[PDB]
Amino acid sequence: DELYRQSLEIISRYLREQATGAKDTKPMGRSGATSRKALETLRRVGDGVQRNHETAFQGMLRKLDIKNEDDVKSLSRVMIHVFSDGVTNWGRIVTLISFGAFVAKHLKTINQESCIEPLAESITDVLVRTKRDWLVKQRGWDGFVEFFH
């Protein structure tokens, strides 16, 4: 599963670097160049989504009220609820990833940094499991970079 590996690599690095400010220097791996451009597209579009919709996102975060490990469960089920809908497009996908980064920042502030990687895997698992066909047809993360050129 190369799509899953690449998706996790992109989403995990974005969430961690958004939460800590630290960039991960380790090599990518297979299809490394496309992942680096996806991540650059993600910083550009995703940082913007977070800035331009901080009020809405914070109200959403407030609803989830995340103060402990068990609260962290609710986050994946929101992901499942969306991706279980039949509609698929890159705007939904980048928006859910961006909300993941917003919640990752929170988790760091609440001394739950160890929860960020599981959060990233849950996002990746749901995205790839539920939308594999659609993603494949866009040429995976190459379509993402080209859609947001």
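Residue indices: 1-based, along the sequence shown. In this text, the rigid core denotes the largest set of C-alpha atoms whose superposition between the two forms falls within 1.5 Å.
Asks: Taking RMS over all structures and residues, which stretch has CA atoms farther from the shown form in 6 other deposited structures of this protein, 81 to 89 or 103 to 111, after a rigid core fit?
Replies: Evaluated in 6 other deposited structures of this protein, the stretch farther from the shown form is 81 to 89.
Asks: In 6 other deposited structures of this protein, superposed on the rigid core, which stretch sits farther off in Cα RMS terms, 64 to 72 or 44 to 52?
Replies: With the rigid core fitted, 64 to 72 is the stretch that strays more in 6 other deposited structures of this protein.
Asks: If you average the CA temperature factors over each stretch, which comes out higher, 28 to 36 or 97 to 105?
Replies: Per the deposited B-factors, the answer is 28 to 36.
Asks: Quick check on the record: does 119 to 127 or 78 to 86 carry the larger mean Cα temperature factor?
Replies: Higher mean C-alpha B-factor in the PDB entry: 78 to 86.
Asks: Residue 64's Cα B-factor: lowest, middle or highest third of the chain?
Replies: Ranked within chain, residue 64 CA B lands in the highest tercile.
Asks: For the chain shown, is the CA B-factor of residue 16 in the lowest, middle or highest third of its modelled residues?
Replies: It falls in the bottom third of the chain.
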